[PDB]
Amino acid sequence: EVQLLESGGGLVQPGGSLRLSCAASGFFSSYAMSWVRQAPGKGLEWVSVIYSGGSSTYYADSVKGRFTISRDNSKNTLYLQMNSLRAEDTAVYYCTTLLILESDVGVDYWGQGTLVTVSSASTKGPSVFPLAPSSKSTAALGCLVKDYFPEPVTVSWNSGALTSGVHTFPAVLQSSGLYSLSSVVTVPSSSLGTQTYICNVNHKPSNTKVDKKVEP
Amino acid sequence: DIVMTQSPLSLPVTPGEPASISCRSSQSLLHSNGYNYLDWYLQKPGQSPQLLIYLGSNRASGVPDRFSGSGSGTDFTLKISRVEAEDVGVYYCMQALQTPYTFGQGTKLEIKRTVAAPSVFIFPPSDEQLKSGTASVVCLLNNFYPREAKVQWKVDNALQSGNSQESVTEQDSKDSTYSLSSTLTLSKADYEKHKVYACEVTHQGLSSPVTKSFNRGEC
């Protein structure tokens with residue numbers, strides 16, 4: 001089983017540097033790896049490529065001279081040194097094999113992606129407020145994750161057990177420069193007090209984790 | 001650099017009907033051999049890109065025969081014989097002939113469903129947030145189609161403007177619906193100055209606009 005796990009993402013100042021670490025397992029040194037990034041809401045943009053045969057590296061014009069792709073075959077890791085970072089570099093960075101044509105079948109393996117955000121703002125942990133259900137004014141309830149930076153936060157329900165009918169919305173940049181989103185879940189109206197609903201908010205950049213019980 | 005141009009950018013297709021996306025390059029993608037270095041990629045909502053067609057017309061492993069690619073040189077076309085609900089996402093064409101590799105603009109495939117009126121919900125601010133000097137009242141529209149909707153905030157029948165923001169999810173891969181949340185944020189002083197808080201929803205699946213409301217001071 002081939003698995004690509006990207007790491008190194010987080011917040012960095014304009015002109016600062018980040019070092020992305022892409023790890024792999026199963027079937028790595030034999031294929032050319034690539035980096036593909038995507039600004040939030042925009043399309044995919046190819047960044048750089050390294051070839052299996054040592055170092056035969058190519059870069060896009062937008063990142064040429066500033067980023068450096070490399071690989072450590074002794075640790076089975078793909079690296080991307082990002083120097084002189086600017087605000088337009090804010091994107092989720094994927095490491096990918098692109099096309100691997102072996103035998104007569106074509107395969108493709110992508111990583112989960114790691115978010116790089118370029119800004120001078122400081123890290124802030126989120127406040128979690130309950131959205132409790134009621135009536136006389138199907139039933140819905142959720143959690144409001146307000147005033148955090150930077151992206152992302154991960155929100156699950158009942159430690160990931162409840163998944164049907166859950167809607168976590170894209171974060172919205174408030175006027176204060178802080179993000180905000182809500183995660184709601186719709187349940188059949190007759191199950192009031194039939195189950196217990198807790199939301200698990202995790203904001204790794206601030207090392208904050210909140211478990212908020214939601215009840216009417 | 002080779003410029004990859006996709007057309008169209010958005011493609012509404014009813015399930016069971018064909019879909020066709022074109023990809024034009026500013027230079028021939030044919031090498032000295034007989035392979036066209038053009039790939040097609042699909043990115044489903046919330047997932048990483050997934051390879052569909054490689055080298056112009058070769059179907060990748062796991063891709064159903066409903067997907068097919070054709071073309072040579074500077075004009076290629078991706079075809080879906082019968083689109084399904086799970087085909088929601090953005091389709092990109094990438095060239096791998098000469099460096100730098102370049103992707104297209106992307107084609108967002110919208111699945112044309114039957115009309116479904118939204119379920120509107122209203123959420124009052126919590127007492128915990130009211131202690132912080134701010135109040136957030138949230139309005140929820142659950143599983144509707146099409147995406148077009150008007151959400152207006154009225155406080156004591158006074159239409160609000162400038163203090164609300166909307167957030168819409170991608171089309172669901174199962175029922176091809178959208179969900180939308182609109183948050184109205186006021187300070188604790190302004191929130192306590194009024195009594196009736198309501199969000200009014202206008203949608204084509206609703207004969208007349210629907211309003212969910214509440215009066216502050218109730219649990």
# chains A, B, ... in the order shown; residues from 1 in each chain; ligands from 1
call {"tool": "residues_around", "arguments": {"residues": "residue A:108", "least_positions_apart": "6", "cutoff": "12 Å", "atoms": "only C-alpha atoms", "output": "VMD selection string"}}
result
(chain A and resid 2 to 4 27 31 to 34 95 to 102) or (chain B and resid 39 to 42 48 to 54 60 to 63)
call {"tool": "select_by_dssp", "arguments": {"residues": "stretch 3-195 of chain A", "states": "strand (DSSP E or B)", "output": "PyMOL selection string"}}
result
chain A and resi 3-7+10-12+18-25+33-38+44-50+58-59+67-72+77-82+91-96+100-102+105-107+110+114-118+124+127-131+139-149+154-157+162+166-168+172-173+179-187
call {"tool": "write_last_selection", "arguments": {"atoms": "C-alpha atoms", "output": "short mmCIF file (atom, residue, chain, number, x, y, z; two decimals), in the first residue's frame"}}
result
data_model
loop_
_atom_site.label_atom_id
_atom_site.label_comp_id
_atom_site.auth_asym_id
_atom_site.auth_seq_id
_atom_site.Cartn_x
_atom_site.Cartn_y
_atom_site.Cartn_z
CA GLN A 3 0.93 6.31 1.24
CA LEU A 4 2.23 9.88 0.90
CA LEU A 5 2.15 11.97 4.07
CA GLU A 6 3.10 15.64 3.71
CA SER A 7 4.46 17.69 6.60
CA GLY A 10 2.11 26.23 8.87
CA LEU A 11 2.40 30.01 8.98
CA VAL A 12 5.37 32.02 7.70
CA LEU A 18 9.49 27.07 5.10
CA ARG A 19 10.71 23.52 4.53
CA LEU A 20 8.09 20.98 3.43
CA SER A 21 8.74 17.30 4.20
CA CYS A 22 6.95 14.72 2.04
CA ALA A 23 7.23 11.13 3.26
CA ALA A 24 6.26 7.92 1.48
CA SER A 25 5.91 4.20 2.14
CA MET A 33 8.18 13.18 -7.74
CA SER A 34 6.43 16.51 -8.23
CA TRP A 35 4.94 19.30 -6.15
CA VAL A 36 1.50 20.69 -6.97
CA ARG A 37 -0.04 23.60 -5.05
CA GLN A 38 -3.52 25.14 -5.01
CA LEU A 44 -3.89 23.55 -9.34
CA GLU A 45 -0.42 24.90 -10.13
CA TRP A 46 2.60 22.73 -10.83
CA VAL A 47 5.63 23.84 -8.79
CA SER A 48 8.74 21.67 -9.22
CA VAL A 49 9.91 18.17 -10.19
CA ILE A 50 12.88 16.03 -9.25
CA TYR A 58 12.88 21.67 -13.07
CA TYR A 59 10.89 24.54 -11.59
CA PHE A 67 12.25 27.25 -4.09
CA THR A 68 14.53 24.21 -4.08
CA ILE A 69 13.26 20.64 -4.52
CA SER A 70 15.41 17.81 -3.20
CA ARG A 71 15.15 14.25 -1.94
CA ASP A 72 16.84 12.17 0.75
CA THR A 77 11.62 11.68 2.18
CA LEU A 78 10.94 14.40 -0.40
CA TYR A 79 11.79 17.95 0.66
CA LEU A 80 10.85 21.39 -0.68
CA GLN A 81 12.82 24.33 0.66
CA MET A 82 10.74 27.49 0.15
CA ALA A 91 -1.76 27.29 -0.91
CA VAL A 92 -2.11 23.63 -0.04
CA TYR A 93 1.03 21.84 -1.30
CA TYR A 94 0.75 18.27 -2.60
CA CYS A 95 3.60 15.87 -3.31
CA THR A 96 2.66 13.49 -6.10
CA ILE A 100 3.64 6.12 -13.21
CA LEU A 101 3.33 3.87 -16.31
CA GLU A 102 4.46 0.40 -15.24
CA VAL A 105 -1.36 0.05 -16.20
CA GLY A 106 -1.18 3.72 -15.25
CA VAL A 107 -1.32 4.62 -11.56
CA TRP A 110 -1.13 11.84 -4.16
CA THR A 114 -0.17 20.47 3.70
CA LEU A 115 -1.31 24.07 3.97
CA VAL A 116 1.25 26.87 3.75
CA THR A 117 -0.03 30.34 4.68
CA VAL A 118 2.07 33.47 4.13
CA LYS A 124 -4.68 32.66 17.63
CA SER A 127 -13.40 30.03 20.73
CA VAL A 128 -16.08 27.34 20.47
CA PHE A 129 -19.72 28.26 21.16
CA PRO A 130 -22.65 25.83 21.08
CA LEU A 131 -25.45 26.06 18.54
CA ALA A 139 -33.84 19.53 13.83
CA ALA A 140 -30.33 20.97 13.61
CA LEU A 141 -27.46 21.73 15.98
CA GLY A 142 -23.80 22.56 15.71
CA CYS A 143 -20.70 24.38 16.91
CA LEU A 144 -19.45 27.86 16.08
CA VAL A 145 -15.66 28.01 15.77
CA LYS A 146 -14.85 31.72 15.88
CA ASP A 147 -11.78 33.99 15.80
CA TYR A 148 -8.79 31.81 14.91
CA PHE A 149 -5.76 32.12 12.61
CA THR A 154 -10.70 20.17 12.05
CA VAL A 155 -14.16 19.53 13.54
CA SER A 156 -15.63 16.08 14.21
CA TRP A 157 -18.77 14.95 16.04
CA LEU A 162 -21.35 10.66 13.99
CA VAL A 166 -22.92 16.58 9.16
CA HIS A 167 -22.08 19.77 7.25
CA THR A 168 -18.83 21.58 8.09
CA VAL A 172 -14.86 32.65 6.25
CA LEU A 173 -12.38 35.48 6.82
CA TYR A 179 -11.36 33.04 10.40
CA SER A 180 -14.74 31.64 11.43
CA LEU A 181 -16.76 28.57 10.53
CA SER A 182 -19.57 26.50 11.94
CA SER A 183 -20.08 22.75 11.85
CA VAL A 184 -23.75 21.75 11.98
CA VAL A 185 -25.45 18.36 11.94
CA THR A 186 -29.07 17.66 11.05
CA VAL A 187 -30.88 14.96 13.04
#
call {"tool": "interface_residues", "arguments": {"of": "chain B", "to": "chain A", "cutoff": "8 Å", "atoms": "only C-alpha atoms", "output": "number ranges by chain"}}
result
B: 47-51, 54, 59-61, 99-103, 105-106, 121-126, 128-129, 165-169, 179-181, 212-214
call {"tool": "atom_distance", "arguments": {"atom1": "atom CA of residue B:21", "atom2": "atom CA of residue B:6"}}
result
7.4 Å
call {"tool": "closest_residue", "arguments": {"among": "B:69, B:46, B:64, B:34", "to": "residue B:170", "atoms": "only C-alpha atoms"}}
result
B:46
call {"tool": "atom_distance", "arguments": {"atom1": "atom CA of residue A:205", "atom2": "atom CA of residue A:64"}}
result
28.6 Å
